[PDB]
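Enquirer: Build me a model:
(chains A, B and C, ligands or ions: 3)
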Amino acid sequence: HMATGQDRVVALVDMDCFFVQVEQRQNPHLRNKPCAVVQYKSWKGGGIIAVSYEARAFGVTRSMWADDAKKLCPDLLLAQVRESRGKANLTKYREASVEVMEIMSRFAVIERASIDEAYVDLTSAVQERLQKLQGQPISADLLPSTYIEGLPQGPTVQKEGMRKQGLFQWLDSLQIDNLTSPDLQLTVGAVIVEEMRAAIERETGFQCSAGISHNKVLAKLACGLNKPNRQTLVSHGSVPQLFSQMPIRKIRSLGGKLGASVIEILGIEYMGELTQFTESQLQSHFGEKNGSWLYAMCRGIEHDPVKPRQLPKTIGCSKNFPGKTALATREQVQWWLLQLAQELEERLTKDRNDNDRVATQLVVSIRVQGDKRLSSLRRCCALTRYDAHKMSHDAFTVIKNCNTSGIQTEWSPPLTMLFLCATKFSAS
DNA sequence: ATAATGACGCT
DNA sequence: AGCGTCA
Ligand SMILES: Cc1cn([C@H]2C[C@H](O)[C@@H](COP(=O)(O)NP(=O)(O)OP(=O)(O)O)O2)c(=O)[nH]c1=O
Ligand SMILES: [Mg+2]
Ligand SMILES: [Mg+2]
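Expert: Numbers count the residues shown, from 1 in each chain, chains lettered A, B, ... in the order given. Ligands and ions are numbered 1, 2, ... in the order given. Below is the structure:
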């Protein structure tokens, strides 16, 4: 009577080193080389926000300064984020994202989960492919980039060798009917994801990885296991061994404080150890929702549905003014607000044309010097007009009372961040 | 002095 | 509404 959470087929498709592929497609000289994407350039070469797998082999990572990365990888090639109105501008990658999401949209209902990934609910697609195939077995040729997590088992030294032995074992169990209806559905799901990824690559030039499983969390976890340019099937049966040495922080939403307290309070390291607690016990420690969610999740069960949403819910831009650069005059604050408001306007206008909708709320966020928190303060106002001067004016209006300076011009405390967000969209 | 962002829960 | 979490 226990629903094992094998009702759905869900996939997570995530692009490999995405911003790097976008720059490598446009500049062929960067292809198949250690490469990274940096923003800003004058401070220690710029901050790295995407790294190719060639560069990763030298230990180059995100957030590294480019000057440091070059110490690790002397031949590292760099591409810079477009700069516009004094700030980083991500338009090229937003546009490339749209290319990818629109292709995926052709196959099924997707939930845009980031600029470079979406969840796919393939349950319905699998059923109709299952009927269309009469009853013929699934061939290994239908899954040329697929890993079956946990296989091979029992009675080859190179990686593609292992992949095939695992797949051969899985497929041979499938046709002997030694697996389950859920396992077949996952397999069929994976054939479709092969097709989605081939379409993505053919039509964009971008490579990507995927996870196929019964829920979003497992699909996400599965994606990462065999990056790059591979997809991974994580079956319900693979979960006990998978989770038995799986650090807790690796599962989506447990990488922060909650996962830390799980570890700390329960005295555990791995996701599987959670199974020994009653749901009521988990709820007593982490609350009703988290308790329930953890109780089901450590058994590979999760119910969050793939939401039908291809478009971002908000449209925002921000700039940090770290340390000495912190804004400390009124006309500094006003001028940057206008820069933000101006980017926002052209993005909102593009949004209104493409997607037939209008934002109706403007949100202003600031960081003050000394504050740890991402936002020191949030205020909102009406967004009734896509006008940069009005939006910036209205944004100033609603924060100007933060100026503790008795002096007219000076701004105190100095602002370490400005952030404008358009929200509360409605059909237009 | 990672930066720029986006989704969402809580009260 | 305004703040806190996680990525
Ligand atoms: C996590 C993260 C990503 N990005 C950008 C750069 C990435 O290329 C793009 C997709 O994020 P990602 O999937 O987490 N990383 P990746 O696509 O570069 O590499 P891979 O997914 O590990 O293959 O989003 C940032 O600009 N700041 C970030 O903190
Ligand atoms: Mg990616
Ligand atoms: Mg991603």
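Enquirer: so what's the backbone phi/psi at the most centrally placed residue in chain A?
Expert: Of all residues in chain A, the one closest to the mean position by CA atoms, centre = their mean is residue A:114, 4.0 Å from it. Backbone torsions for residue A:114, taken as degrees, to the nearest 10, come to phi -160, psi 180.
Enquirer: Give me the distance between the closest residue to ligand 3 within the stretch 301-428 of chain A and residue A:75.
Expert: Residue nearest to ligand 3 within the stretch 301-428 of chain A: residue A:312 (14.3 Å; CB to the ion). Placement of C-beta: from N, CA and C, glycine included. Distance, residue A:312 to residue A:75, using CB to CB, to the nearest Å: 36 Å.
Enquirer: I'd like to know which elements the longest strand along chain A is packed against.
Expert: In chain A, assigned by DSSP state E, the strand with the most residues is strand A:410-423. Applying 3 or more CB pairs under 8 Å, 6 or more residues apart in numbering; DSSP states H and E, we find strand A:410-423 packed against strand A:315-320, strand A:327-329, helix A:330-355, strand A:361-368.
Enquirer: right, and the ones you listed - which one's nearest ligand 2?
Expert: Closest among the helices and strands packed on strand A:410-423, once you apply CB to the ion, is strand A:315-320, at 20.6 Å.
Enquirer: and the angle for that closest one with strand A:361-368?
Expert: 10 degrees (axes from the mean of the first three to the mean of the last three CA atoms, to 10 degrees).
Enquirer: list the buried ones in strand A:315-320?
Expert: A:315-319 (16 or more other CB atoms under 10 Å).
Enquirer: Skip the chain neighbours and tell me the closest residue to residue A:365.
Expert: Closest residue in space to residue A:365, ignoring its immediate chain neighbours: residue A:419 at 3.8 Å, by CB to CB, 6 or more residues apart in numbering.
Enquirer: was I right about the one you found contacting residue A:376?
Expert: No. Look at residue A:419 against residue A:376 with CB atoms under 8 Å: they stay out of range, at 10.4 Å.
Enquirer: per the record, what domains does chain A have?
Expert: Domain assignment of chain A by curated CATH domains yields the ranges A:1-16+A:87-247, A:17-86, A:248-305, A:306-428.
Enquirer: Quick one: the helices in the stretch 201-350 of chain A, in order.
Expert: Secondary structure of the stretch 201-350 of chain A by DSSP state H, counting those that start in this stretch: the helices cover A:216-225, A:239-244, A:257-266, A:279-286, A:288-297, A:330-355.
Enquirer: Tell me which of these sits most buried.
Expert: helix A:216-225 (a mean of 23; mean count of other CB atoms under 10 Å).
Enquirer: From the contact counts, what lies against the helix or strand hosting residue A:99?
Expert: Secondary structure assigned from DSSP states H and E places residue A:99 in helix A:91-105. The contact analysis (3+ CB pairs under 8 Å, 6+ apart) places helix A:91-105 against helix A:18-26, strand A:110-114, strand A:117-121, helix A:181-204.
Enquirer: related to what we said a few turns ago, output the helices of the stretch 201-350 of chain A in a markdown table, with distance to residue A:1 appended to each entry.
Expert: Listed next are the helices of the stretch 201-350 of chain A as a markdown table, based on distance: least, CB to CB, whole Å:
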| stretch | distance to residue A:1 |
| --- | --- |
| helix A:216-225 | 23 |
| helix A:239-244 | 20 |
| helix A:257-266 | 28 |
| helix A:279-286 | 16 |
| helix A:288-297 | 15 |
| helix A:330-355 | 45 |
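Enquirer: so which of those helices comes closest to residue A:404?
Expert: Nearest of the helices of the stretch 201-350 of chain A to residue A:404, taken as CB to CB: helix A:330-355 at 12.4 Å.
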